[PDB]
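Here is the structure we will look at.
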Amino acid sequence: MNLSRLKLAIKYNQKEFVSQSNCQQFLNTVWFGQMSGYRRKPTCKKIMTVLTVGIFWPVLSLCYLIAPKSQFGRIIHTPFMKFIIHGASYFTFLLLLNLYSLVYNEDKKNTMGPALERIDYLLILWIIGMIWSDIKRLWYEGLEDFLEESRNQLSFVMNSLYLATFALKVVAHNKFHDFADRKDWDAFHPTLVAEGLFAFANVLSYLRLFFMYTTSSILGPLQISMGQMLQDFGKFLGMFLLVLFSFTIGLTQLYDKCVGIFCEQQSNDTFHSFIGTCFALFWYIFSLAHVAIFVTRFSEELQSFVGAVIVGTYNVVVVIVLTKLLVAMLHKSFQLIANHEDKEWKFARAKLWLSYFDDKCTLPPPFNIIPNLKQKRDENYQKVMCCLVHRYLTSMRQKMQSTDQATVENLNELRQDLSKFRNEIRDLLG
Amino acid sequence: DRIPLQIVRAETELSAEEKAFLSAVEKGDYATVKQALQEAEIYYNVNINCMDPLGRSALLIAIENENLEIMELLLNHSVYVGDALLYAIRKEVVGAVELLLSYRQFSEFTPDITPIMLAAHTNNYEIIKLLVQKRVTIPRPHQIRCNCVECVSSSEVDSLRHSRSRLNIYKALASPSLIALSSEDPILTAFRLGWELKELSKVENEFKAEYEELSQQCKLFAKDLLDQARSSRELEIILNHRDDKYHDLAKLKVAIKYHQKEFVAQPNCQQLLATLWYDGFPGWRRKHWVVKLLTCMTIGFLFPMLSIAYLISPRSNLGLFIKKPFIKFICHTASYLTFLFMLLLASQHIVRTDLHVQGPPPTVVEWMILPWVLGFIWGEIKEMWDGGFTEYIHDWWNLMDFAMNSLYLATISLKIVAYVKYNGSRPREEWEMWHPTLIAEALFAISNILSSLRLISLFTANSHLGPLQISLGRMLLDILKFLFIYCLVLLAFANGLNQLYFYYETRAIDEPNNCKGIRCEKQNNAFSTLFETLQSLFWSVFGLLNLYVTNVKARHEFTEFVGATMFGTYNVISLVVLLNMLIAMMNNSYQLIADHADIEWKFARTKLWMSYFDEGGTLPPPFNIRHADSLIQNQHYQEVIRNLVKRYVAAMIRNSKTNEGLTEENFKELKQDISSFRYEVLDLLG
Amino acid sequence: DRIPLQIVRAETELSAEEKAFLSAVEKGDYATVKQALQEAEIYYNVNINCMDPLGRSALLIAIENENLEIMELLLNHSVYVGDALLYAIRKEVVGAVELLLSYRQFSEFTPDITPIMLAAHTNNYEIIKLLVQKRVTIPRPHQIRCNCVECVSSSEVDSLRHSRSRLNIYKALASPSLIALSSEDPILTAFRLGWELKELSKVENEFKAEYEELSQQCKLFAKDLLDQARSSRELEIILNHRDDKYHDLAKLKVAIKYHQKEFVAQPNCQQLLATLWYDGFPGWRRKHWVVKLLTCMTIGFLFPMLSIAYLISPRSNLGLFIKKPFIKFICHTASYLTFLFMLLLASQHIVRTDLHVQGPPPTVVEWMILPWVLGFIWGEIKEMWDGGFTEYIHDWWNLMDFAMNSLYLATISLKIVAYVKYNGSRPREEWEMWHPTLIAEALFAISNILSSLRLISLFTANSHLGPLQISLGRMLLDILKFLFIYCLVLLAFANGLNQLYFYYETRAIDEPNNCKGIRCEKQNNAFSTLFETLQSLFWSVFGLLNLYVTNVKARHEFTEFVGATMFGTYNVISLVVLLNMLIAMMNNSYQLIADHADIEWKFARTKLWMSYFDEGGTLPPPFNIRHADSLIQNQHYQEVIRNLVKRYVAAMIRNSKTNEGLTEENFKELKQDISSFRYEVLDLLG
Amino acid sequence: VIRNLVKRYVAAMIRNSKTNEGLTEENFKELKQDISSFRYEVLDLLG
Ligand SMILES: CC(C)CCC[C@@H](C)[C@H]1CC[C@H]2[C@@H]3CC=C4C[C@@H](OC(=O)CCC(=O)O)CC[C@]4(C)[C@H]3CC[C@]12C
Ligand SMILES: CC(C)CCC[C@@H](C)[C@H]1CC[C@H]2[C@@H]3CC=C4C[C@@H](OC(=O)CCC(=O)O)CC[C@]4(C)[C@H]3CC[C@]12C
Ligand SMILES: [Ca+2]
Ligand SMILES: [Ca+2]
């Protein structure tokens with residue numbers, strides 16, 4: 001089962017071809033593989049099966065790692081299963097991240113360059129494995145294709161930042177192993193940087209899970225639909241940026257003559273710098289009163305008033321005029337999207353499924369680290385193609401014949417016939 | 001350069017003689033065709049069974065032009081008639097009679113299509129009747145999940161064929177005409193089939209649309225038969241027919257079970273139900289709104305009186321009054337409202353109870369509330385008993401009833417556990433966090449929320465709030481789906497922020513006013529613990545989280561900046577992106593929902609009305625203190641069904657004739673008709 | 001009981017014989033009709049000119065059935081032929097020729113309709129041509145608002161007729177086919193007529209829709225003729241034709257004047273313009289995305305030099321380079337961008353100045369900004385002069401340019417004034433509220449905002465941003481209307497609130513930190529004054545107004561409650577209602593605008609491209625230091641137009657024949673064709 | 001005036017129907033019958 005054409009279809013973005021029932025049927029058969037009854041089992045039984053497979057994902061993986069021929073080793077082959085096993089692996093990883101702080105790093109609050117707790121070490125393995133997977137994938141498939149789909153693109157940064165985090169940790173453990181109070185640490189102390197980067201990666205890791213939505217028939221369409229509209233936001237972004245800076249400049253010009261929006265008592269310092277002016281206006285966007293109207297100067301009434309007008313106008317333009325527009329755009333956008341959601345979702349899910357169809361990737365990340373006839377084929381293809389072509393022609397013939405409505409031309413043609421017959425007879429009979 | 005164009009799908013070409021023969025058939029020159037046939041016999045220069053490049057042989061070309069004369073001529077001579085019956089059925093000609101009467105690869109029909117199936121797929125009552133007259137059979141479609149039969153478990157041989165074959169049988173079984181002609185209870189079968197098709201749509205994901213289309217077809221058929229009723233006698237005979245007491249609106253009930261919404265909403269059906277609902281108030285429709293209002297008010301006020309009379313002597317005139325459904329509804333609504341008023345009094349100095357008596361004695365108000373609570377629970381028990389867990393569970397509101405009742409029970413239990421083990425009266429501030437009394441009060445309040453929200457159910461009754469309620473409920477589903485997406489967003493950022501600030505957590509003691517958390521005058525440690533993080537991000541959606549919650553005490557610029565960026569991104573994604581998308585999504589949904597609100601609302605209202613039509617009913621406070629006949633009934637039903645089916649067939653034809661453009665093929669036939677007439681006349685006159 | 005039904009407005013009835021006569025005409029029985037006529041001539045028993053219940057006579061029945069044989073028969077017997085031509089023209093048949101050749105009370109046509117007018121309304125080129133061949137004239141409609149002519153003062157009598165008659169005339173003059181056959185320059189005629197019709201749509205409030213429709217008909221006609229161009233030589237001959245230099249895209253300019261957006265956006269037209277725009281950049285668009293960026297950036301950086309070269313040696317390689325439209329755009333944009341960058345440098349206050357010096361000497365950056373300012377001014381001056389005030393006034397951005405520039409002027413004036421006077425230095429605090437320096441700074445800031453927001457215009461040059469910019473503009477009009485309503489509400493609540501709290505105003509000194517207003521740490525005296533009340537209500541829209549501001553210190557409970565209630569009602573009306581309604585309205589428009597987004601954007605883009613296509617152009621900083629020919633041109637234009645018209649007429653006909661369904665009239669015609677045919681044959685065979 | 005307005009109205013409606021109503025299947029059937037009936041008649045006379 002090379003599934004060459006199927007793959008070329010996805011390459012050439014043949015969404016309709018991929019969403020045609022005949023193709024969907026073929027796919028499902030392959031996806032569930034021998035686990036066909038799965039389709040028939042009642043929701044309850046299916047739910048149970050899925051959970052069971054996932055829980056023992058390491059065990060099943062091990063079986064394949066040891067006796068791929070074993071019935072269990074075979075279980076991982078079923079594309080559907082691999083998905084479950086690989087999905088569980090990721091979830092366990094996310095768990096490790098969660099238990100990293102909630103239930104660890106309890107006495108290293110003030111230890112600069114802290115040691116590498118086992119959690120860190122384990123996580124390391126997973127990160128490595130996930131990286132390797134990307135490489136292998138990028139290798140086999142290619143580059144642009146790999147970069148095209150998001151789960152991969154996020155997988156790059158995520159893995160990157162994760163890599164940096166652990167690196168800096170090693171450097172810190174060496175250079176700075178002090179045990180001073182956290183407060184006394186320099187703002188850019190390696191440990192501080194690592195923790196910040198690690199945290200951000202954690203956000204990215206979870207966001208990645210969005211891909212799984214495609215599989216669900218309920219939330220999958222919506223997930224895809226949202227992504228579609230996520231493009232039209234870009235347009236709005238450009239417009240807003242211009243507005244943000246336009247007003248930023250003016251505010252700074254009128255005000256440049258503990259500190260910032262982020263303090264209990266918001267200071268006019270919000271406008272003193274430029275970046276601050278940007279932040280300050282940024283929070284106004286949300287229209288939930290994140291920044292007070294204290295644009296007043298310490299004292300300059302006029303100067304303070306004009307400032308109020310400037311900020312007020314910004315709010316009216318952005319919070320009201322621009323936003324409502326955004327909604328309008330989204331509304332129109334979704335309408336059209338709603339029309340083809342099925343096709344789009346199907347194509348997406350298929351692209352996802354095929355990834356598992358391959359035999360190249362079988363082992364979840366943590367384990368993954370552990371490493372002529374042609375004439376006949378063509379002949380048959382031609383036979384089948386001949387049939388499909390004939391069927392197509394006949395079918396189209398019938399469809400048109402039974403749908404295409406008569407036209408004035410046809411009427412006129414008929415009337416001509418009646419006339420010609422009329423005349424002919426009239427002449428033949430004087 | 002140039003791109004060469006060569007024919008690769010090589011195909012043999014028809015001899016000039018052959019080609020000519022085919023052309024004559026298309027023009028209807030019986031003579032020329034006749035001559036050609038005769039000559040070919042003697043001379044053998046043209047295969048009478050030749051075919052156009054488009055696969056149109058002579059018999060087929062004749063059938064499409066519907067020239068039965070030429071058809072007979074061709075058939076008389078030995079012309080292959082393979083699959084011709086099928087073409088004559090697809091085209092829906094009644095020249096099928098001729099082919100059936102004669103009886104002596106690259107097919108446009110799959111190997112599974114049998115004449116009866118194709119006729120059914122076409123829905124030609126006549127053509128179908130012909131075939132059915134001769135013994136005909138459509139294979140049984142093994143039930144869903146019939147994998148047990150190795151027969152179906154051998155789908156491995158050819159799945160696509162199996163699936164397609166299955167759809168073809170159902171596409172046939174679900175034809176309104178075949179169900180009219182072959183089924184004993186056309187209405188019941190359509191109900192059942194509709195359901196099965198629905199279920200299959202789910203199991204067979206591919207072909208989902210197809211199965212769903214078929215189900216709607218079955219649902220429409222049943223409604224249409226109902227619409228063909230011309231007297232109330234017929235409507236009763238139909239709606240009160242029990243397959244196997246009677247006179248219980250049995251089929252109306254089965255229709256509600258199978259979600260046959262349209263059937264239930266049919267005008268006539270609604271009218272009958274209304275008469276039963278408003279019994280005791282004839283002309284209630286004509287009653288002035290004010291008058292109505294007055295009547296309702298009085299009855300509700302006297303609800304206790306009516307409730308008792310029944311208990312004492314159901315036979316009593318008064319006893320009789322509460323039995324009427326509309327009354328039951330009004331009485332039962334008043335009881336609930338009274339209950340809710342009791343709940344309101346509980347929060348007042350109506351009884352002015354002390355607030356330091358741990359394990360206090362139940363107040364009078366609480367005492368009075370108890371009976372009702374008991375009635376509500378008892379009602380639920382009966383509901384479960386009288387309806388089975390399935391029905392009870394199915395109902396969404398039974399879920400809320402359960403929750404409300406369960407809380408109103410834990411409240412009682414905790415109250416008791418507190419009367420005992422707590423005879424003192426220590427200061428409220430001294431009471432521990434989980435003092436039973438405190439927990440009890442909490443549960444009671446939560447339930448008071450649920451109880452007052454149950455009133456939304458009553459809206460289904462009004463003609464204005466009802467449809468609105470239904471539409472909103474549908475939209476709620478959409479919102480639920482969005483929340484799932486959002487949730488992942490929340491979780492992501494929650495973990496990130498917690499992972500960044502968990503180091504900088506501080507003891508509540510350190511905090512001002514010994515308060516630690518987002519719900520403190522000075523919001524502090526909002527991201528220190530995960531749970532706080534989730535809550536904090538949740539509140540930030542409502543702009544109740546201050547921005548000074550992102551600054552670490554030690555003032556580490558880098559960390560604070562990363563945090564602020566993370567918080568800001570969350571706010572953009574949630575408030576500016578997801579929120580706005582939800583709005584657009586919802587806009588679309590409402591447009592669609594609005595269209596079917598009526599059928600959705602009426603179905604809902606009918607279920608409500610039906611609930612009261614039943615006999616077992618008393619308000620919650622006072623809630624806890626022949627073969628012969630069958631045959632005749634069935635005969636009457638069959639009589640009505642015969643009439644309805646007849647009326648339906650005729651109406652559908654009329655609609656098809658009065659609402660269908662003249663396709664091109666139709667024109668072609670007319671042209672061929674003139675052509676044939678011409679040739680004939682020319683010959684006779686020449 | 002029973003309602004008797006009678007014919008109230010009775011009309012004469014047809015005798016049996018007369019009924020038969022008309023019946024024959026509907027069946028096409030020439031023989032019977034002929035006989036009836038002949039007998040009537042003898043026994044005078046039938047009024048040849050009788051009328052059906054629908055008022056149709058024999059000739060009218062024949063015309064509708066299109067039986068010219070019978071028509072001739074009737075005409076030969078001299079039947080009243082009144083208005084028959086009009087009926088024939090409406091049926092669009094060659095019976096018109098017969099009636100015209102046959103030359104010498106109730107009507108479906110108003111008394112004003114004339115044969116040519118109706119033909120025009122029908123848009124049948126052939127029938128129109130036939131009528132025009134014979135002298136025919138359509139009255140010239142008086143100019144919009146021509147009261148001088150007492151003839152227009154006829155409106156006093158039967159204005160209805162006056163209005164209808166006028167619309168009928170225009171409905172005819174606006175027929176694509178008439179314009180094609182009669183007008184010398186079909187394109188220009190359409191352009192002009194489409195505009196006049198638009199103006200009329202406004203003046204004639206009623207019948208607006210009709211005039212607007214007719215206008216669109218004209219606009220589309222022009223685009224359609226252009227679409228029938230096949231070679232560039234033609235397209236150039238058409239778009240560069242000057243009615244009367246040439247090679248100046250004169251017609252395209254006229255189109256832009258008459259807002260013929262579809263014409264200006266036609267694909268082929270847009271293609272030509274592009275070639276002119278990207279002169280020197282073969283396949284600039286084709287150039288890899290990055291490549292484009294590279295080239296643009298490089299050219300931009302070199303803008304001063306290129307500009308300098310043109311200044312030095314207009315006739316040099318470099319001097320010529322700037323003349324290219326795309327280069328001008330690149331340069332003129334880079335210049336503006338640098339201007340904005342200079343303004344940014346002020347923000348960072350790279351050149352810091354003491355805050356105490358009154359009227360300081362203009363800072364270094366200022367001087368640098370001064371030239372651009374002057375250049376922009378002179379630019380606008382040139383535009384105004386060159387284009388005339390009307391055109392300049394028309395441009396909306398011109399308003400922004402005017403405002404931006406004016407602010408820059410004042411800023412300078414004040415800067416200057418503050419220098420001569422206030423020459424000394426004092427602590428800023430001492431400075432009076434309206435110190436010149438202070439006011440100047442504010443004006444400068446506002447101007448900077450305006451200047452940067454002028455970049456929005458550049459979005460029209462982008463394929464992605466442009467359409468959005470255009471849509472936004474369209475919506476802005478509606479937003480303005482909504483704002484008026486909001487303002488009224490604001491004023492109302494402002495007046496009310498101020499009316500209640502003005503009794504409780506307090507002194508700034510009294511107020512903590514001597515701060516009075518809604519912009520102080522603890523908001524105070526929010527509703528004390530109308531000016532403040534207005535501000536407070538505005539900021540409330542954004543949630544920046546705290547609720548404690550609704551309480552009076554003396555603590556008069558009632559007043560405070562009314563005050564809070566008024567504030568609350570305002571919030572609901574403004575945020576919950578009006579704001580939300582704006583969303584709905586904007587969604588409605590965005591939907592519509594989206595339908596014509598591209599044409600709008602492209603029309604806009606062309607206008608921009610055209611501006612640069614001209615020759616008077618240098619960046620703002622360096623901005624301030626034979627009849628024979630016409631005959632030939634016209635001949636060519638006429639030839640091209642002839643061909644375009646020819647191919648257009650044909651296309652329209654072909655479309656109709658292949659893209660139109662068969663209406664009932666068609667059935668009736670066929671039925672008649674067979675009927676008359678039958679009768680004839682039967683007679684011959686009999 | 002009413003007499004005139006009704007006459008004008010009725011006529012307009014008929015025109016609208018004729019020009020804005022498609023040919024239905026029943027129409028096809030009638031046309032077919034007309035041809036068929038004519039055929040039989042002619043064939044009988046000529047036969
Ligand atoms: C708006 C605030 C004051 C809350 C009021 C709470 C209740 C007093 C309201 C809320 C919903 C109302 C119910 C909404 C639906 C109906 C249907 C209504 O019946 C009809 O509208 C049509 C006649 C019919 O029921 O057959 C009878 C009143 C009732 C129970 C209403 C009774 C009064 C209710 C319980
Ligand atoms: C987003 C923030 C950083 C504000 C940036 C302000 C400017 C640097 C941006 C805002 C709008 C941009 C302009 C938007 C429109 C265009 C059209 C663009 O041309 C095209 O896109 C297609 C080729 C063509 O113009 O023919 C040339 C760049 C330009 C002037 C852009 C130049 C860079 C601008 C001025
Ligand atoms: Ca219940
Ligand atoms: Ca200008």
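Letters for chains follow the order of the structure tokens (A, B, ...), residue numbers begin at 1 for each chain, and ligand numbers begin at 1 in the order shown.
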
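Residue list for chain C within 10 Å of chain B: residues 543, 584, 587, 661, 662 and 663 of chain C, counting only C-alpha atoms.
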
Next, the residues of the selection above should be written as a PDB file, in the first residue's frame with N, CA, C and O atoms.
ATOM      1  N   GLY C 543     -15.700  52.065  30.654  1.00  0.00           N
ATOM      2  CA  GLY C 543     -15.575  51.500  31.983  1.00  0.00           C
ATOM      3  C   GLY C 543     -14.558  52.185  32.859  1.00  0.00           C
ATOM      4  O   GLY C 543     -14.156  51.647  33.884  1.00  0.00           O
ATOM      5  N   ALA C 584     -24.501  45.102  14.479  1.00  0.00           N
ATOM      6  CA  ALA C 584     -25.415  44.525  13.506  1.00  0.00           C
ATOM      7  C   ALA C 584     -25.403  45.318  12.221  1.00  0.00           C
ATOM      8  O   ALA C 584     -25.340  44.749  11.135  1.00  0.00           O
ATOM      9  N   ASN C 587     -22.234  44.856  10.301  1.00  0.00           N
ATOM     10  CA  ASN C 587     -22.184  43.533   9.695  1.00  0.00           C
ATOM     11  C   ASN C 587     -22.988  43.521   8.413  1.00  0.00           C
ATOM     12  O   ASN C 587     -22.587  42.906   7.433  1.00  0.00           O
ATOM     13  N   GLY C 661     -34.770  30.439 -19.951  1.00  0.00           N
ATOM     14  CA  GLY C 661     -35.724  29.351 -19.861  1.00  0.00           C
ATOM     15  C   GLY C 661     -36.925  29.576 -20.749  1.00  0.00           C
ATOM     16  O   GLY C 661     -37.115  30.670 -21.271  1.00  0.00           O
ATOM     17  N   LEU C 662     -37.738  28.545 -20.927  1.00  0.00           N
ATOM     18  CA  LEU C 662     -38.900  28.661 -21.787  1.00  0.00           C
ATOM     19  C   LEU C 662     -40.129  28.988 -20.966  1.00  0.00           C
ATOM     20  O   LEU C 662     -40.554  28.193 -20.136  1.00  0.00           O
ATOM     21  N   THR C 663     -40.703  30.160 -21.193  1.00  0.00           N
ATOM     22  CA  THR C 663     -41.870  30.583 -20.441  1.00  0.00           C
ATOM     23  C   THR C 663     -43.154  30.086 -21.060  1.00  0.00           C
ATOM     24  O   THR C 663     -43.152  29.593 -22.180  1.00  0.00           O
TER      25      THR C 663
END

Could you give me, as an MDAnalysis selection string, every polymer residue with an atom at most 9 Å away from an atom of ligand 1, counting only C-alpha atoms and all ligand atoms?
-> chainID B and resid 277:278 292:293 296 326 329:330 333:334 336:337 452 455:466

Pick out the chain D residues within 6 Å of chain B. Count only C-alpha atoms. Give them as an MDAnalysis selection string.
-> chainID D and resid 23:26

Distance query segment 321-324 of chain A at most 8 Å, only C-alpha atoms, self and fewer than 3 positions along chain excluded, as a PyMOL selection string = (chain A and resi 240+316-318+327-328) or (chain C and resi 479+582-583+586)

Running DSSP on the backbone, which parts of segment 247-399 of chain A land in alpha helix (DSSP H), as an MDAnalysis selection string?
-> chainID A and resid 247:255 275:285 301:315 323:357 365:368 373:399

Kindly provide, as a CSV table (one decimal) with N, CA, C and O atoms, in the first residue's frame, the residues of chain B having any atom no farther than 6 Å from an atom of chain A, counting only C-alpha atoms.
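Output below, filename out.csv:
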chain,number,residue,atom,x,y,z
B,145,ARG,N,-24.2,-3.2,13.2
B,145,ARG,CA,-23.3,-4.0,14.1
B,145,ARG,C,-23.7,-5.5,14.1
B,145,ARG,O,-23.7,-6.2,15.1
B,206,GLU,N,-18.8,7.5,6.2
B,206,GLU,CA,-18.9,7.8,4.8
B,206,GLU,C,-20.3,7.5,4.5
B,206,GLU,O,-20.9,6.6,5.1
B,492,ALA,N,-3.0,26.2,28.7
B,492,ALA,CA,-1.7,26.4,28.2
B,492,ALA,C,-1.1,27.6,29.0
B,492,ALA,O,-0.2,27.4,29.8
B,493,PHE,N,-1.7,28.8,28.9
B,493,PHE,CA,-1.2,29.9,29.6
B,493,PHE,C,-1.2,29.8,31.1
B,493,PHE,O,-0.4,30.4,31.8
B,496,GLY,N,2.0,28.0,31.9
B,496,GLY,CA,3.1,28.8,31.7
B,496,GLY,C,3.3,29.8,32.8
B,496,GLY,O,4.4,29.9,33.3
B,499,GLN,N,4.3,28.3,36.0
B,499,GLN,CA,5.7,27.8,35.9
B,499,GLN,C,6.7,28.9,36.1
B,499,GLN,O,7.8,28.7,36.4
B,500,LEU,N,6.2,30.1,35.8
B,500,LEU,CA,7.1,31.3,35.9
B,500,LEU,C,7.1,31.9,37.2
B,500,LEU,O,8.1,32.3,37.8
B,503,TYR,N,7.9,30.3,41.9
B,503,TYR,CA,9.0,30.5,42.8
B,503,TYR,C,8.7,31.7,43.7
B,503,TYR,O,9.2,31.7,44.8
B,543,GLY,N,-12.0,41.4,33.1
B,543,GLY,CA,-11.3,42.6,33.5
B,543,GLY,C,-11.4,42.9,35.0
B,543,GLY,O,-11.4,44.0,35.4
B,547,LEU,N,-3.5,44.6,36.7
B,547,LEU,CA,-2.2,44.3,36.0
B,547,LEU,C,-1.0,44.3,36.9
B,547,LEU,O,0.1,43.8,36.5
B,548,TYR,N,-1.2,44.7,38.2
B,548,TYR,CA,-0.1,44.7,39.1
B,548,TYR,C,0.1,43.4,39.7
B,548,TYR,O,0.9,43.2,40.6
B,554,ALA,N,10.5,41.0,44.2
B,554,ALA,CA,11.9,41.3,44.1
B,554,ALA,C,12.1,42.2,42.9
B,554,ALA,O,13.3,42.7,42.7
B,556,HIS,N,12.2,41.5,39.5
B,556,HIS,CA,13.1,41.0,38.4
B,556,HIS,C,12.5,41.4,37.1
B,556,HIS,O,11.5,40.9,36.7
B,557,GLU,N,13.2,42.4,36.4
B,557,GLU,CA,12.6,42.9,35.2
B,557,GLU,C,12.3,41.8,34.2
B,557,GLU,O,11.2,41.7,33.6
B,558,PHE,N,13.3,41.0,33.9
B,558,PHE,CA,13.1,40.0,32.8
B,558,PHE,C,11.9,39.1,33.1
B,558,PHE,O,11.0,39.0,32.3
B,580,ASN,N,-14.4,37.2,19.6
B,580,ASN,CA,-15.0,37.7,18.4
B,580,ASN,C,-15.5,36.6,17.5
B,580,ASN,O,-16.5,36.7,16.8
B,584,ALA,N,-19.3,35.7,15.8
B,584,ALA,CA,-19.6,35.4,14.4
B,584,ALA,C,-20.2,34.0,14.3
B,584,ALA,O,-21.2,33.9,13.6
B,663,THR,N,-37.1,19.4,-19.3
B,663,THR,CA,-35.7,19.1,-19.5
B,663,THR,C,-35.4,18.9,-21.0
B,663,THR,O,-36.3,18.8,-21.8
B,664,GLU,N,-34.2,18.9,-21.3
B,664,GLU,CA,-33.8,18.8,-22.7
B,664,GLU,C,-34.2,17.5,-23.4
B,664,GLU,O,-34.7,17.5,-24.5
B,665,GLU,N,-34.2,16.4,-22.6
B,665,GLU,CA,-34.6,15.1,-23.1
B,665,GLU,C,-36.0,15.2,-23.6
B,665,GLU,O,-36.4,14.6,-24.6

Suppose you want the space between atom CA of residue 519 of chain B and atom CA of residue 426 of chain B; what is it in Å?
-> 26.7 Å

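Counting from atom CA of residue 193 of chain C, the distance to atom CA of residue 598 of chain C is 24.3 Å.
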
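Considering only C-alpha atoms and all ligand atoms, the residues that reside within 7 Å of ligand 3 can be listed as residues 380, 383, 397, 398 and 401 of chain B.
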
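Atom to atom, atom 33 (C, counted along the ligand's line) of ligand 2 and atom CA of residue 242 of chain A stand 9.9 Å apart.
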
What lies within 10 Å of residue 21 of chain C using only C-alpha atoms, ignoring chain neighbours under 4 positions off, as number ranges by chain?
-> C: 15-17, 25-26, 29, 32-37, 46-48, 50, 58

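Distances here use only C-alpha atoms; by that measure, the residue among D:31, D:5, D:40, D:15 closest to chain A is D:31.
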
Test item: residues no farther than 10 Å from ligand 4, counting only C-alpha atoms and all ligand atoms, as a PyMOL selection string | chain C and resi 376-377+379-384+392-393+395-402

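All residues of protein, DNA or RNA that reach within 9 Å of residue 41 of chain D, judged by only C-alpha atoms and not counting those fewer than 5 positions away in the chain, are residues 682 of chain C; 36 and 46 of chain D.
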
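Considering the residues D:43, D:2, D:35, D:13 and counting only C-alpha atoms, chain A has its shortest atom-to-atom contact with D:35.
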
Mind checking which residues fall within 9 Å of residue 90 of chain A, counting only C-alpha atoms, ignoring those fewer than 5 positions away in the same chain, and posting them as a VMD selection string?
-> chain A and resid 85 95 126 209 364 to 365

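When the distance limit is 9 Å and only C-alpha atoms are what count, the residues near residue 641 of chain C, minus those fewer than 2 positions from it on the same chain, are residues 185, 186, 187, 225, 234, 238, 636, 637, 638, 639, 643, 644, 645 and 646 of chain C.
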